[PDB]
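This is what each chain is made of:
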Amino acid sequence: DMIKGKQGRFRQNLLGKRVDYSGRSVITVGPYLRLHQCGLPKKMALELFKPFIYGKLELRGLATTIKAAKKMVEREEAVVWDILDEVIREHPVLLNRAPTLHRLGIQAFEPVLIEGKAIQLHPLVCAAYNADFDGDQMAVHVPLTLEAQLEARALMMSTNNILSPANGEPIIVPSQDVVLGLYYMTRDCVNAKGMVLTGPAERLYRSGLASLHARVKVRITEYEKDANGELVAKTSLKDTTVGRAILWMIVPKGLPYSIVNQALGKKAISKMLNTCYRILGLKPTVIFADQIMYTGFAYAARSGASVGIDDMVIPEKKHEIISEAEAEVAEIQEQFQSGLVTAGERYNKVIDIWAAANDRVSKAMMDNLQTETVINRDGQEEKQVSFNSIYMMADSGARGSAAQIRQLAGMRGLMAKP
Amino acid sequence: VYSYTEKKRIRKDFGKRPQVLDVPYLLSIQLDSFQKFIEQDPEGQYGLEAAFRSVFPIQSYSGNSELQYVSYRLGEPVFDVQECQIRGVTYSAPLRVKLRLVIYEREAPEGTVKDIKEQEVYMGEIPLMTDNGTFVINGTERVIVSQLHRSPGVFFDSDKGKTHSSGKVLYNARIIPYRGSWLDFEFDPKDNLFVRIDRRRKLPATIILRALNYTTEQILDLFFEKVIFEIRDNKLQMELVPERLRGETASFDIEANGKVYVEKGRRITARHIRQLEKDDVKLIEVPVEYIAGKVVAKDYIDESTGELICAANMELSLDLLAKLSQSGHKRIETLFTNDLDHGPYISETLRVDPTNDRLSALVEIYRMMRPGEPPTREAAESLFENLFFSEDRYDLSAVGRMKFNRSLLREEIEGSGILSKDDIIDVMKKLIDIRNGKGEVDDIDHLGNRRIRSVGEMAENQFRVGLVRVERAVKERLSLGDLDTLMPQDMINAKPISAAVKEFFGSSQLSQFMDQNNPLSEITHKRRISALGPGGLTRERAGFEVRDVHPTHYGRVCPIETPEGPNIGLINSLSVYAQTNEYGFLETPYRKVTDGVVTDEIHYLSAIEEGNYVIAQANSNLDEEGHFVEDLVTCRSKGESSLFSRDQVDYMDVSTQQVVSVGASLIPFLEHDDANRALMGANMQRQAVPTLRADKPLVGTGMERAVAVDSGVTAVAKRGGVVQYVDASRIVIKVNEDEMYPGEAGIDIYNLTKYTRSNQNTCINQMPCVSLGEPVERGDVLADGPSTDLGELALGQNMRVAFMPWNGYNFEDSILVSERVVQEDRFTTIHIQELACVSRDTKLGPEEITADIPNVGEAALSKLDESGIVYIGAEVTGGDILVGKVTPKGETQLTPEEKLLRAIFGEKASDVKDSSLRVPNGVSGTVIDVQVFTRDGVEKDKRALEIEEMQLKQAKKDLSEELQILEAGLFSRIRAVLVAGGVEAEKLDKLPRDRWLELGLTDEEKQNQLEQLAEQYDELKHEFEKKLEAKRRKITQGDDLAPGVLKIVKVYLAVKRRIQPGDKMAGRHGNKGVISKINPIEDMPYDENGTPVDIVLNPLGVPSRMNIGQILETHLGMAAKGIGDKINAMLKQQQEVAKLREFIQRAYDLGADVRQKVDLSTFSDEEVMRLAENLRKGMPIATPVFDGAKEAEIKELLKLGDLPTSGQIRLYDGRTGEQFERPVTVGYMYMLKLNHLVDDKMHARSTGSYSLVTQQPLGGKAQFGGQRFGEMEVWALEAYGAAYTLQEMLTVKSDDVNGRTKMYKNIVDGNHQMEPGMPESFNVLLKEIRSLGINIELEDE
DNA sequence: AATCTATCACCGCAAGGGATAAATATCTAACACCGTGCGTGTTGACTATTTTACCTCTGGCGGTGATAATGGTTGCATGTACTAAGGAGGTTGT
DNA sequence: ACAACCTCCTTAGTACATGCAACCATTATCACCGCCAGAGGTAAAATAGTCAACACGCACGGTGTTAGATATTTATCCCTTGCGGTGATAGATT
C-alpha cells in the first residue's frame, strides 16, 4: 500500500506531491490587470515572499535581527516593500486551475498587490482556465531559482501561449460579456438616435444625440501587410457605426478597416486575432487581444442587454398551430381504438407530431422574436431585425442557443426518460 | 381579522386552489421515532423493549438457570445541552433493565417453586433530545439521517441480458432480511434452475427441495399440473381443464369446443389463458406437433399382445404412438414442457444434481462455507437452518413478514418474523412461473415497497444484534453457578454499550454533524432521506438505483432537495405534508368525493392507493348550483397522468406543496424554473448564514412563518395570556382560570438562547418580540433568532438588483455589491468557534501554562490571565495567544570555542518556542467564553473559579426574581378567591403571609376553598427549595481525561467575518456566485427614480441556466419593497388618516385571482399603523409553489412601486449621467451570503509543517500544510517543456530537505539558484522496495 | 525651435480668518525632609541541612497453584464491471 | 503421441483528481505471594545550618514644603481666502 494502488508513492508523493511556497483561494475577476498580471492580497504576498524578507533584513540592516524582525514582518511594516518590489517589478508568479487535463490550466503572470483574501484573475485567461465563479478556487506557486523565472516568462506566460494546441484559435481570448460589448459596438439599428450619423469624442455621448448603433459612413484608407513586409495600401467607402469607427483606434492598422465592417460576436471576433497572428507578428497580436478587453468593459454595460418578462415575446399564431397538431393526434388516438393502428406505432405517430408541433411553433417564434413590427407603412411599421436581448445573447454568441430560445419564446417541447 | 402579535405583521397569499390543511410540525421522523425507540409499549414489536423481548428470558441451554426480564428504563442524567458544548460530553443517560431469576423444587413434589429474585442492572446509555427536535454529541449537534431501503422479505427482479456466452437473459427471486444472512434463486447460463445459498457459488435449485424434504413426485404435486392423452374411435386426443393452455410454442393449429383456437406461429404465453376459461373446454384434438416433446409421467403397456410400450420419464414417437393406437390401455400421464406454463427447468435439473437426500443437501452446504474441512454431521444442518432461524442471524419484523406475504399474494394476516421451511416453495413457484409473462418484476422503487427506516428504527436495528453477539461472559458463566444463592446480574460488563450507543449519534454511518448553516437547513436536515448503508449502497459502489427518480415520488419525496455533484439523489428530503404508515410506506393528503363532488372530507392515502383510485390534479374547479366548471377533469395515478369526465373521480390533491420539501417550498416561481436551478435554490437558501442586520423574504410562499417555528427559533405562546416581564434572555407571562390548572400559580416562561459554537462554526443568539402588558393568544410570537425579522424568517436581506452586465466583474452568476452594503455593515456574518489545550499526566502530574515568549512577538502577548489565557470580552486577531503552552528549547553545545554569543554576552533569559495556542493568521473577533477542566478530586482552577461567580450571578439574580414572579401568581390566586366575597382583601395583599391566618370570608364554602389553599401553600413552594446549586457544580464538576491528561483548557471566538470580495452570495432561484468587486454608490446603475441600485448580476448567463423565477422574484420584490419605501416617505407628511389607510390597505386589498385576503377593513385604524414599521422593510407575500402570483398579478401589484409596469426600465450610469440604448431588467431580489467563506480560507504558505513519514510537506489548513502539485499539473509543465519550474516542485519546494533549506537561503547568496541534493520521497521508495524484497540500485554516466 | 493671440481662467492684489505665542495663572510633581519598620549585623540555641551508621520500609521479581475441569470457535472479504490468465479433460484433429 | 480446440470452470487484477471539516474509545486476564534485596526507614553526626535572640543599621516611602511647569487666558501676527482683472497660456503656426 506504499506502491500498488492509488495511494502509492508514485502517484501520492512523486508524480504529484505536497509543495512549499504555494497556496489557494477563491477566484475573482480582475478587469484592470493587464494580460501578463494577477492580483494577490498584501498578507498573501507577505506569506508567499517570507524567504525574501527573513532573508534580506539581515542583508540591509532594515531590522536588528531575524528574531526581532517578528515585530516588523508580521506587521507588514514599510521595510517589507522595497524587499518585495525587488521581487514584484520583474517576477513571474505561476497560477493553477486543477484538475489540469490541458496545458492552459497552468500559466505564468506578475504580482499586483490588493486587499482581501481572494485571488484576482485577468478576464482573457479566465476563458483559457475555464474559471467557474461559484466559490471554486485557483492555486499559486512562487518560482525562486533564476532559471525557473527565466523559463516562466519564456514558456508559461499568458502573452506567449495564446492559442488552442488542438488547432490554433485563441483561448486566451476576449471573454464572457467582453464580446457582447464588442458585438454591441458593431451592431446597427433603424432610427438608432442616428439612422445615418457620425462623430468622434466619447464626450459627445454628453452632447445630446449619439449612439454606438448610429450608422457612420467613411472612405477610410486601409492597409494590409504582405509576407515580404511591405504594405498593400487600399481605400473604400464604408457602411459602419461609431463603435466600428472607435475600433480603428484599437485595430493594428497594418490590417484593413473593412474587417471591422461586420458584427463581432464570439462567432467572429477570434478570427480577427487569428488573422493578426497569421500576418503581423506576436506583440501586435497580443496588444490587439489585450486592449479589446477594456474596450469591451467601457461599452458592455451601455448596451442595456437583459433578460426580463418582455424580452420573452411569444407568437400569437401559436393559436392556429394548435388547431393543426393537437387535432392530428385527436383522430390518430381514435384510429388505434377503431382498429387501424396497434398501441406501438401510435407512440411514434404521436411523438413525431409533438416534435412537429414544437418545430411548427419554432417557425412562428422566429418571425415574432426577430421581425413582427406589423402595422402598415407609410408612417408606421419599422419591421427591422429586432433588438430582443435573448436573440442577441445567441447572435453575439454570448451564451444563448436555439434550444434555449424555444423554451423562452414558444415551446419547451420534449424530454428523455431515465 | 388576525392575532395580537399579527398587529405587528401579516403575510399576503395570492394562491388559487382548495387547500383545507396546512403545515404539520416538520420533525416527526426524529421525534415520534425517538419516542417509539424508548417507549414502555405493552404489546408492540419495535424499539428497545422489543429487542429485549426477542432475547429474554434467557432460559439457559444448560437447563439449570434462567435470566428473566420485565422491562427497560432510562433515568439518572447529569450533563445538559449547555455542558454538552462548554465541557463537550454527549447529552446522554443510562439504559437500565429489570431482570429476574426463579428456581424450582430440588427435593419435593407438592410446591413446584422454591426461589424467586428480581432487580435492575445497567445495560448501556442513550442520547437525549430537545423540543426543537435536536441532539448534542461531542460539542456539536451530530444527528441521524433516516434510510430509504428495499423492504425486508423477498424481491423478484430480472437480469434481462447481462453478459457471458449468450448475453444471458434472466429472471430471479432473492431474499433480503431486516437482520441476517441470504439466499438467491435464478438460472445458470446453460438454463437449468439454479441457486446461490448465502449468495456464494452455484448450486442446482433441486438441492433446497431435498433439504426442505420433498421427493420427486411431491415436487411434481407442488409445482406441476399433469397433461393427459387418450386415443378414441379413429384419432388421438388430449384431456383438459379450461386453463391448461399457457405457454405453447405453437408450430401448430387447433379447434376446441366449436371454433379455431391456436394457429401456426402464435406462441400461447399465459396472456392467452383469457381465451379458454370463458369457454369451458375439457377435450382437444391436435397435430403430432403437440404429441411429442411431452415426457410421459408413468410406465405404459399393451394388452393387444401382452407387452410394454414405454417407461416413466420417456418421450413419444411415431412407433410408440402406433403401439399406443393398439394398446387397449389408451391413457397417458405427461409433463408440461411449454416454458412458463409450468417451467420444465425443475423436471430437467432434477437430473443435473449430485445431491440425493436431506443429509447430502446440508453436507454440501457445509462445504459451500468450509472447503477442505470435515462436514460435522449436526453442524451441517445448523449451518443452513441458522441462516433463517438463528437467535442472532435472521429477522424481518412484522413489517417484512407482511411484505413477504404481500409479494406472494397470500391471504394469511398471521405469521412470523422468521421464514418457514414451506414458505420458500412459493418464492420458487414465482420464479418458475414469471420468466416470460405470467407476471413481472416486484415494482421495486414504489414508495410502498421501498420503505423508510426512521431514527429510532436505525438505533433499534443495532439492539436486534448486539444482545446476541457480545454477551459472551454472561451467556457462558450463567451455566456454572448455584443460582439459588447467586443473582441475575453477577457477570454483566458495562464499558461497551456506553460509547457504542452515545456515539451511534456521533460517529455512525448516518449520524453526521447537522447542517447548522441556518434554521431552514437544520429543519430540512431532521427530515433528510438517505438511500445509503445496509438496505441501499454508497456514492461509489452504486449506479442510478440511488440517484435517479421514480414517479411514486409525487406527494412524498421532492426530487430537487439533494446535494450536487456525484452526491446527487443519494440523500433527499420528505415533502412538507408527507408521512408514513405502520410499515414505513409513504403517504400524502387528499380531498375526497361525496354524493357527486370532491368534498372537503380530507383523507391521507398510501403510495399503493395512489395506484388504485382516481385522483384529480390540482387543476380542477367547482361551479354554481351544480358540480364542476372542470368539464374534462385531469387526473393522476402512481405518479402518471390522464384526462377523464366528471362521472369518474374518487379523490384530488389538497395542495401543491404536498409534492415539495422545505427548501424547495420557499421558491415562489418554480412554475418558471428548470430543475437544474431549482436544485441550486433548494441548497443556496441552506448554505446561507446569520447576518448583522437580517431582513425577510418579501416575495414568498407562506413557509416564511412555518420555518420560523418548525425548530423553535422563534418563541411562541404554548399557552398565552398577558406578558409580565421581558429581558434580552428572559420572558414571562400570566394566565387566567379559563385554562389555569388545579393548583398552579398562573404562569408560563419563554427564556432565550445566547452565544455558543455550532456544526459549521455559525453564531447562535435570540432576542424578544413583545413588551410588558401585551395580551397574546395561544400561537402569538414572543421572540426572534439568528435568521428572522420580528416574527417571520430572514435567511439573508433584500437588495435592489439590475439584471445587466457591468464593467466585467459579474460574468457567471458572480455579484457586484455597493459600498452602501459595507456602510450599513450588511452581509457581514457572525460566527462562534472553539480552540483548546491540555496539561498531560507527568511523573509529578501537572504541566506548565504561562506567557513567557521573550523577544518573539510581544504585542501578541499583552492580553492574558495569570494562567496565560485571554479575558472574556477582549478583541483578538491574526496571532494573539489564547492558551499559554510555552516550551523551553535547548541548543546546549556550549564548548570554549562554540559559545558564540548568548551563554556569555546577552539575551541570558529563555528561548521558549512560539508553541502557545494562538489566533490563526486570518481570524478576527471577540473572546466570548473561557474554560478549565480536570480530574474531579482537584477542585477547579482560579480562571474557572472566577467564571463560577460569572455564571452564579445570573442564577443568583434570576431565582431572586423567579420567587417573586411565582408567589405574585400563587398568592394572587388566593387573593382572588378572597375577593370573590371578602372584597376588602386589599387589607391583606400588604401583609406578611402568616398574618392572613386572623381572617374569615362568608357563611358559604368560599371559606373552605380559602382554608384548603392556605393548607396547600407550605407543600407547593418546596419546588423552589433546591435551585441555585443545580447549575453550580456542573461548572466545578470534573471529569477524567484518560491516563495521560490531568487537565484541559478552552477559549471561544465570536469571529466577525465581514462583507468582503471572494466570499459567496446567492438568491432563492439558483443564482449562485462570488462577490467580485465592491462598487462606490455611483460606480453602479441608477433607476427612473433618480436612485442607484445595490447589486448587479449578468443576464447573458441566464439563457444557459434555463430559469426565470429569478426575474419574477426581482420584479415582484420591486412591488413588495416599493410599498415600504413609499411608506417611509408617507409616514412623514401623513396627509390624512384615510390616506395612510389608502396606501397601507391598498397594498393588501389589490388582487383579482386569489383564495386569501388580509382584508385590512377587518382591522382598526391603529392596527393599520403598528403594522407600518414591518412594512418599511417591505410587504410580506405568500404563494404555494405551483399556485402562484403569475406575471399579470405582478403587473397589477407594481402600481404601488409605480415604476414602469414592464419590470424593464430606462437605467442610467452614476459615473456619467448617461441613459442606455434600451430599457433594462430591474427590481429588488431576496439575497444571501453563504458559508463557503473565503474569509476562513486564506491558505498560502512559504514553509511550515513536514511529514516525518516522507520529509515532504504535510497538507491541510488544520496542518498549515503545503498543497499538491498533482500528476495533471505536471502534464502541463511537461507539455510546455518547462523543466526548471517542474524540478523546483520535485525537490527544492518539497521532500528534499537539503534542496529546500538551501534554496530558501539562496537569496542571501544573491545567486538565487537551485542547489538540490536528493528527493527524499524517492529515497524512501528505494528502501520501501527493498523492504518488500526487491533489490534496486544505481549506475554512472 | 522660434513667434504669439486669444483662450480658460491664475493671478491681481482686497479682504479677513485662524493662529500661536505672549503673559498670566493655575496645576502637579519632584524633592527633602521625617518616620517607620524591615531584612542591617553578630551571636547563640535551637532542631532537624546533611552525612553515615544502624535497624528494619517499600517494592524489586521470581516463582508457579491440583476434588476436578481433556471436539474449538469464528462471522461476514463479496454480490458490480470489466476481462486476462491458468486451469481442467475429452476429443477431433495437428 | 501430442496438439489446441469446444464448453462454461474459477481465479483475480485494476477502479481518475484537488480540498476542507473531526473527536480519539474497546478487552480482561486469579499475578496470585513468596522471598529478600541493597534498600527503605530513621537514629545519631557528618556537610556544616537554621532563625530566634539582641543587637545592629539602613532604605524607603509618605508627609510636608517647595519648585516650575503647563494650560489656560489674553492678544498679537501672518497666511490664507475668495473675488477680480486681465494674464502669454494652449498649441497653431512661422
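Rules and cut-offs
Residues numbered from 1 in each chain as written, not as in the entry; some residues may be left out. Chains lettered and ligands numbered in written order. Part of a larger assembly, values for the part shown. Heavy atoms only, no water. Helix = DSSP H or I, 4+ residues; strand = E, 2+ residues; numbered from the N terminus. Buried < 20%, exposed > 50% of the residue type's maximum accessible area, 1.4 Å probe, protein only. Contact = heavy atoms within 4.5 Å. Pairing = 2+ DSSP bridges. Near = heavy atom within 4 Å. Polar contact = N/O pair within 3.5 Å; in protein donor to acceptor, adjacent residues only side chain to side chain. Nonpolar A, V, L, I, M, F, W, Y, C, P; charged D, E, K, R; others polar. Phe/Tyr/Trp six-rings, centres within 6.5 Å; stacked < 30°, edge-to-face > 60°. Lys NZ or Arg CZ within 6 Å of the ring centre and 35° of its normal. Axes fitted to C-alpha atoms, helices over the stretch in contact; angles between N-to-C directions. Buried area = accessible area lost by both parts, 1.4 Å probe. Salt bridge = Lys/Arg side-chain N within 4 Å of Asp/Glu carboxyl O.

- Per the header of the deposited record, the title is "EM structure of the DNA wrapping in bacterial open transcription initiation complex".

Regarding the overall build of chain B
Okay, so step 1: Across its full length, chain B carries 32 helices and 56 strands.
Okay, so step 2: Dimensions of chain B, computed from C-alpha atoms along their principal axes, come out at roughly 125 × 105 × 95 Å.
Okay, so step 3: Within chain B, the proportion of its 1341 residues that are buried is 52%.
Okay, so step 4: Long-range pairs, those at least 24 residues apart, make up 70% of the contacts in chain B with a sequence separation of at least 6.

Some remarks on the sheet that holds strand β13 (residues 227-232) of chain B
Residues and elements named next belong to chain B.
Okay, so step 1: On the basis of which strands lie adjacent, the open sheet formed by 4 strands has the order β17-β14-β13-β20 and antiparallel pairing. Whereas interior strands pair on both sides, the edge strands pair on one side only; in this sheet they are β17 (283-284) and β20 (331-334).
Okay, so step 2: In the sheet, β13 pairs with β20 via 4 bridges, with the strands oriented antiparallel. When the sheet's bridge partners are listed, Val227 is paired in β20 with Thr334.

Quick notes on the protein's contact with DNA strand C
All names here are of chain B.
Okay, so step 1: Looking at DNA strand C, there are 13 residues lining it, with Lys162, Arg370, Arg393, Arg472 and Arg541 nearest.
Okay, so step 2: Within 4 Å of the protein, the contacting atoms of DNA strand C are drawn from sugar and phosphate to the extent of 34%.
Okay, so step 3: Within the contact set of DNA strand C, a phosphate oxygen lies 2.7 Å away from a side-chain nitrogen or oxygen of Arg472.
Okay, so step 4: Measuring from a phosphate oxygen of DNA strand C, one finds a side-chain N or O atom of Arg541 at 2.8 Å.
Okay, so step 5: Class assignment of the residues belonging to the surface near DNA strand C gives a composition of 2 nonpolar, 2 polar and 9 charged.

Considerations on the packing of aromatic side chains
All names here are of chain B.
Okay, so step 1: Evaluated as defined, the whole model comprises 22 aromatic pairs over all chains.
Okay, so step 2: With centroids separated by 6.3 Å and ring planes inclined at 25 degrees, the aromatic side chains of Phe52 and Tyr69 adopt a geometry described as stacked. A residue pair is termed long-range when its members are at least 10 positions apart, and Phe52 in helix α2 (residues 47-52) and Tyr69 in strand β3 (residues 66-69) qualify at 17 residues.
Okay, so step 3: With a relative accessible area of 13%, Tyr69 lands in the buried category.
Okay, so step 4: Through pairs of rings, three or more aromatic residues link up here, namely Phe34, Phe135, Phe504 and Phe505.
Okay, so step 5: Over the face of the ring belonging to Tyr809 we find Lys1077, whose NZ or CZ atom lies 5.9 Å from the ring centre.

Here's the deal with the sheet that holds strand β46 (residues 1045-1053) of chain B
Residue and element names in this part refer to chain B.
Okay, so step 1: Taken in spatial order, the 3 strands of this open sheet run β42-β46-β45, and their pairing is antiparallel. Taken across any chain shown, the strands that pair with only one partner, and hence form the sheet edges, are β42 (833-840) and β45 (927-934). Put simply, the sheet's adjacent strands are angled 15 degrees from each other on average, direction ignored.
Okay, so step 2: One ladder, built from 7 bridges, connects β45 with β46; its direction is antiparallel. Each residue of the ladder has a partner; that of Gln931, found in β46, is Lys1050.

A word on the interface of chain B and chain A
Okay, so step 1: In this assembly, 119 residues from chain B lie in contact with 108 residues from chain A.
Okay, so step 2: Each partner contributes to the roughly 9,800 Å² buried at the junction of chain B and chain A, and carbon and sulfur atoms together form 58% of this total.
Okay, so step 3: When the area that chain B buries against chain A is broken down by residue, the three leading residues are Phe811, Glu1221 and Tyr1280 of chain B, summing to 9%.
Okay, so step 4: The salt bridge partner of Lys67 of chain A is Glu907 of chain B, with a shortest N-O separation of 2.7 Å.
Okay, so step 5: Take the side of chain B that touches chain A: its biggest share by element is 9 residues, from helix α29 (residues 1271-1280) of chain B.
Okay, so step 6: Each residue belonging to the side of chain B that touches chain A can be placed in one class, and the counts come to 57 nonpolar, 36 polar and 26 charged.

Re the pairing of strand β14 (residues 235-239) of chain B
Residues and elements named next belong to chain B.
Okay, so step 1: Relative to β14, β13 runs antiparallel, the two sharing 5 bridges. Residue pairing in the sheet places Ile231 in a bridge with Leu236 of β14.
Okay, so step 2: Where β13 hands over to β14, the hairpin turn is made up of 2 residues, of which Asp233 adopts a positive phi near 35 degrees.

Regarding unusual backbone geometry
Okay, so step 1: Look at the link from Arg377 of chain A to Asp378 of chain A: it is a cis peptide, with omega at 10 degrees.
Okay, so step 2: One non-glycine residue with positive phi stands out, namely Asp191 of chain B, at about 120 degrees.
Okay, so step 3: By the element assignment, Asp191 of chain B lies in the loop between β10 (183-187) and β11 (193-197).
Okay, so step 4: We classify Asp191 of chain B as partly exposed; its relative accessible area is 21%.
Okay, so step 5: Phi at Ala1042 of chain B takes a positive value of approximately 65 degrees, unusual for a residue other than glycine.
Okay, so step 6: Relative to the helices and strands, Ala1042 of chain B is located in the loop between α22 (1029-1035) and β46.

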